[PDB]
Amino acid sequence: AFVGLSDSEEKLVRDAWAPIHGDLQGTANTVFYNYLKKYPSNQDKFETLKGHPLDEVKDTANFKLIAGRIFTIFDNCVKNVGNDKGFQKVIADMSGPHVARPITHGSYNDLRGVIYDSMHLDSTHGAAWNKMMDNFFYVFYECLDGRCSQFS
């Protein structure tokens, strides 16, 4: 279920994300590349990247736009870490286009893991981060399952 974060945990999340927030596009490009390189089956899910060698598409605007849009959502989630309804809305709106996409929870969770590994967080910030991410996926999966209105 959704579990609100304390004011202290909210600060921990903001601080944990700070490095990435300060280099959002750069981080996005690297993480997305590492994600598709470690879990190559996922490249085909992105119709614009499908059929090309990963090292070939990594430098294209298209690849960068995708990585950027993904991280922009996470950035806005962190922005709303202190407002559950707002946090939920960011995810609800983004969930729509994924509902009809043939993507497994494994794929989504693997991306979560690549992001976590890149942050190298200590356990205090990690706990707060995982609380926010658990909320992220609770909302995201509820929405993919057709139960997004509960957050309205």
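Don't overthink the numbering: it's just position in the shown sequence, from 1.
Stretches compared: 24 to 32, 55 to 63. Higher mean C-alpha B-factor in the entry: 55 to 63. On average the C-alpha atoms of 5 to 13 have higher B-factors than those of the other stretch, with 128 to 136 and 5 to 13 being the two compared.
When the C-alpha B factors of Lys38, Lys50, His105, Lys85 are read from the deposited coordinates, the top value falls at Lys50.
When the C-alpha B factors of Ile115, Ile91, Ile70, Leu121 are read from the deposited coordinates, the top value falls at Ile70.
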